[PDB]
Amino acid sequence: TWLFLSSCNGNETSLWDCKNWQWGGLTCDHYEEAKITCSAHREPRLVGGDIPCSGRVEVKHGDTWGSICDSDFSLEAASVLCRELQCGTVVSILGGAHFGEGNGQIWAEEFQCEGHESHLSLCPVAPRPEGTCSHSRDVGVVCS
Amino acid sequence: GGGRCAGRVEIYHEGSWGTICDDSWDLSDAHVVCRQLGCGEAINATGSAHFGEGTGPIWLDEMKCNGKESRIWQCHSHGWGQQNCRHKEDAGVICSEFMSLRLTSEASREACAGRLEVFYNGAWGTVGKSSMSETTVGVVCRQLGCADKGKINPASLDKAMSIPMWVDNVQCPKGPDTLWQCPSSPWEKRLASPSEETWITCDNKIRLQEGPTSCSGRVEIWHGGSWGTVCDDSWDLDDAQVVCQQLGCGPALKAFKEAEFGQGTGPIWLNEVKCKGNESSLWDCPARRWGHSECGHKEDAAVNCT
Amino acid sequence: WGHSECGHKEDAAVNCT
Ligand SMILES: *[C@@H]1O[C@H](CO)[C@@H](O)[C@H](O)[C@H]1NC(C)=O
Ligand SMILES: *[C@@H]1O[C@H](CO)[C@@H](O)[C@H](O)[C@H]1NC(C)=O
Ligand SMILES: *[C@@H]1O[C@H](CO)[C@@H](O)[C@H](O)[C@H]1NC(C)=O
């Protein structure tokens, strides 16, 4: 069973407010499976730095904030982060909880960015090779 | 891998070929691969793209086979397409029936004369002289890219070291390109006597044709599985001196040109030969690329040695 | 400088006297 939307203007509050949606009943072709990445898929922020463009990186993935491990965050990913946060260019990456330890969950996923991506949500992610990261190695970024 | 039982590992999935990462690639994973192909036991698990870089997806990574799985995709893995590797990390295998042949010589830089040894089950061993024909030696020389024919030399009685032998009674028909298709005795690890070791010499890659003596004639060289000639462009007395030396003829007396002894045949393998006259082999002289000649057989080079 | 194909899995280490 498939839902077809003929078109909404985009200012609607709900998908149900989009007009003329079709629920089931038409013989879908071979171009199935549309998939969205929203801006809240992964949201960076900098916490605990002296300036907003400096701090520990925390990313909300889903509804949970998590730290990124210093092993899992490249220069290209920091460039993407600094652009997305509109913080300019990456000035430095700092390991060893230089800005203090995070709290709670640390994401065990590596960002394989090319460095031109507008958002980390578009960056490929790889599973962490076997290893417990601790908050003593949470990565920090300073942008320009 | 030069045979059905060695090489880079490729998997067919969803209609496309893809590779496996060498991360955690161990002998148990290779053993699962080797068993799935019916290739027996794994002898060596090669990483680091030993067989060259692949193309396409890397399908599997962090392989953790228990070694009892009948198929590589039954092993525990991170799952299809979940990988952090690149094709520089493609895994490969070598199993125990991967067989290779060589001639080993202690006394000559001559790659085509020596004791006949085969690699099997992880080790080199001698071939038994029993029932070996000159046809079989010809097969060996072709398979090694040495020549069409060769001779079995008598073994040197002066060697006291016993070598492992793998096979004897090797009989090839006319036709086969590799010794493996030739019926023989079963694999048996025995100590060879020095007299049973097969030493062969393939004939020389160089011959003189149609000259009045065995040390005069048109220069022919064996390459690519055929005889071919040498162009007389730059052909000089130092080239003829080199030619004379590989045949064990004495000093070059004359370098002849313009196919004085008749035109040769097949490819003109070498053009613009520029030896210094002190090379061990005509193959060691600077020349144009092998088999690229603008010359005709009218320009076939000839020599007259002492 | 800074152009590498490696991952951190390939980080070099040493042990000297
Ligand atoms: C794997 O292959 C290389 C190829 O030269 C060989 O030398 C080596 O011994 C092999 N590994 C083992 C454990 O024998
Ligand atoms: C060199 O060639 C001549 C005639 O071309 C031949 O008679 C002679 O035997 C060769 N030289 C020697 C010293 O034998
Ligand atoms: C080399 O490293 C080992 C552990 O990898 C360590 O125990 C050892 O002390 C180092 N070598 C020496 C000679 O001390």
# chains A, B, ... in the order shown; residues from 1 in each chain; ligands from 1
>>> interface_residues(of="chain C", to="chain B", cutoff="12 Å", atoms="only C-alpha atoms", output="PyMOL selection string")
chain C and resi 5-10
>>> write_last_selection(atoms="C-alpha atoms", output="short mmCIF file (atom, residue, chain, number, x, y, z; two decimals), in the first residue's frame")
data_model
loop_
_atom_site.label_atom_id
_atom_site.label_comp_id
_atom_site.auth_asym_id
_atom_site.auth_seq_id
_atom_site.Cartn_x
_atom_site.Cartn_y
_atom_site.Cartn_z
CA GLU C 5 44.23 7.36 2.03
CA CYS C 6 44.71 5.58 5.39
CA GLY C 7 42.35 5.13 8.29
CA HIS C 8 43.38 5.39 11.93
CA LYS C 9 43.60 1.59 11.87
CA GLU C 10 46.94 2.17 10.09
#
>>> residues_around(residues="residue 1 (chain A)", least_positions_apart="5", cutoff="8 Å", atoms="only C-alpha atoms", output="ChimeraX atom specification")
/A:23-25
>>> write_last_selection(atoms="C-alpha atoms", output="CSV table (one decimal), in the first residue's frame")
chain,number,residue,atom,x,y,z
A,23,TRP,CA,-3.9,6.3,-0.3
A,24,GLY,CA,-3.3,3.0,-2.1
A,25,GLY,CA,-5.0,1.8,-5.3
>>> interface_residues(of="chain B", to="chain A", cutoff="9 Å", atoms="only C-alpha atoms", output="list in words")
residues 62, 78, 82, 83 and 84 of chain B
>>> residues_near_ligand(ligand="ligand 2", cutoff="7 Å", atoms="only C-alpha atoms and all ligand atoms", output="NGL selection string")
:B and (253-254 or 304-306)
>>> write_last_selection(atoms="C-alpha atoms", output="PDB file, in the first residue's frame")
ATOM      1  CA  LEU B 253      84.789 -11.958 -36.597  1.00  0.00           C
ATOM      2  CA  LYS B 254      82.066 -10.243 -38.626  1.00  0.00           C
ATOM      3  CA  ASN B 304      80.386 -14.981 -38.201  1.00  0.00           C
ATOM      4  CA  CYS B 305      82.313 -16.078 -35.080  1.00  0.00           C
ATOM      5  CA  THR B 306      85.574 -17.949 -34.624  1.00  0.00           C
TER       6      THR B 306
END
>>> residues_near_ligand(ligand="ligand 3", cutoff="12 Å", atoms="only C-alpha atoms and all ligand atoms", output="PDB file with N, CA, C and O atoms, in the first residue's frame")
ATOM      1  N   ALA C  13      53.228   3.114  15.042  1.00  0.00           N
ATOM      2  CA  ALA C  13      53.651   3.162  16.435  1.00  0.00           C
ATOM      3  C   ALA C  13      55.093   2.685  16.500  1.00  0.00           C
ATOM      4  O   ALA C  13      55.556   1.954  15.620  1.00  0.00           O
ATOM      5  N   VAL C  14      55.803   3.050  17.570  1.00  0.00           N
ATOM      6  CA  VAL C  14      57.179   2.583  17.688  1.00  0.00           C
ATOM      7  C   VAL C  14      57.452   2.054  19.087  1.00  0.00           C
ATOM      8  O   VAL C  14      56.794   2.437  20.060  1.00  0.00           O
ATOM      9  N   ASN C  15      58.428   1.141  19.185  1.00  0.00           N
ATOM     10  CA  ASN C  15      59.033   0.790  20.465  1.00  0.00           C
ATOM     11  C   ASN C  15      60.556   0.739  20.331  1.00  0.00           C
ATOM     12  O   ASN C  15      61.092  -0.169  19.686  1.00  0.00           O
ATOM     13  N   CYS C  16      61.250   1.698  20.938  1.00  0.00           N
ATOM     14  CA  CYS C  16      62.710   1.798  20.979  1.00  0.00           C
ATOM     15  C   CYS C  16      63.277   1.434  22.350  1.00  0.00           C
ATOM     16  O   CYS C  16      62.558   1.339  23.347  1.00  0.00           O
ATOM     17  N   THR C  17      64.593   1.232  22.386  1.00  0.00           N
ATOM     18  CA  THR C  17      65.301   1.146  23.663  1.00  0.00           C
ATOM     19  C   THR C  17      65.258   2.500  24.361  1.00  0.00           C
ATOM     20  O   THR C  17      65.955   3.434  23.965  1.00  0.00           O
TER      21      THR C  17
END
>>> residues_near_ligand(ligand="ligand 1", cutoff="8 Å", atoms="only C-alpha atoms and all ligand atoms", output="ChimeraX atom specification")
/B:43-46,94,122
>>> write_last_selection(atoms="N, CA, C and O atoms", output="CSV table (one decimal), in the first residue's frame")
chain,number,residue,atom,x,y,z
B,43,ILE,N,46.4,-22.5,2.8
B,43,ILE,CA,47.9,-22.5,3.2
B,43,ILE,C,48.3,-21.2,3.6
B,43,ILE,O,49.1,-21.0,4.5
B,44,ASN,N,47.9,-20.1,2.9
B,44,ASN,CA,48.3,-18.8,3.2
B,44,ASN,C,47.1,-17.8,3.0
B,44,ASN,O,46.5,-17.9,2.0
B,45,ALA,N,46.9,-16.9,4.0
B,45,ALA,CA,46.0,-15.8,3.9
B,45,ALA,C,46.7,-14.5,3.6
B,45,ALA,O,47.2,-13.9,4.5
B,46,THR,N,46.6,-14.0,2.4
B,46,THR,CA,47.4,-12.8,2.0
B,46,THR,C,46.5,-11.6,2.1
B,46,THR,O,45.3,-11.6,1.6
B,94,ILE,N,45.7,-18.2,-0.8
B,94,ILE,CA,46.5,-19.3,-1.5
B,94,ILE,C,46.2,-20.6,-0.7
B,94,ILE,O,46.4,-20.7,0.5
B,122,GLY,N,52.3,-26.0,0.1
B,122,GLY,CA,53.2,-25.1,0.9
B,122,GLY,C,54.7,-25.4,0.8
B,122,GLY,O,55.4,-24.7,1.5
>>> select_by_dssp(residues="chain A", states="alpha helix (DSSP H)", output="list in words")
residues 75, 76, 77, 78, 79, 80, 81, 82, 83 and 84 of chain A
>>> select_by_dssp(residues="chain A", states="strand (DSSP E)", output="PyMOL selection string")
chain A and resi 3-4+22-23+42-48+54-61+64-68+90-94+106-107+109-111+125-127+140-143
>>> residues_around(residues="residue 138 (chain A)", least_positions_apart="2", cutoff="6 Å", atoms="only C-alpha atoms", output="list in words")
residues 69, 70, 97, 135 and 136 of chain A
>>> write_last_selection(atoms="C-alpha atoms", output="tab-separated table (two decimals), in the first residue's frame")
chain	number	residue	atom	x	y	z
A	69	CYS	CA	35.15	10.59	20.22
A	70	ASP	CA	38.48	12.23	19.29
A	97	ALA	CA	38.67	16.58	26.78
A	135	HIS	CA	34.74	10.97	27.78
A	136	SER	CA	38.38	11.64	28.65
>>> closest_residue(among="A:78, A:132, A:14, A:119", to="residue 55 (chain A)", atoms="only C-alpha atoms")
A:78
>>> atom_distance(atom1="CA of residue 18 (chain B)", atom2="CA of residue 52 (chain B)")
14.1 Å
>>> residues_around(residues="residue 101 (chain A)", least_positions_apart="5", cutoff="12 Å", atoms="only C-alpha atoms", output="ChimeraX atom specification")
/A:47-48,55-58,66-70,95-96,106,133-140
>>> closest_residue(among="A:107, A:73, A:99, A:16", to="chain C", atoms="only C-alpha atoms")
A:73
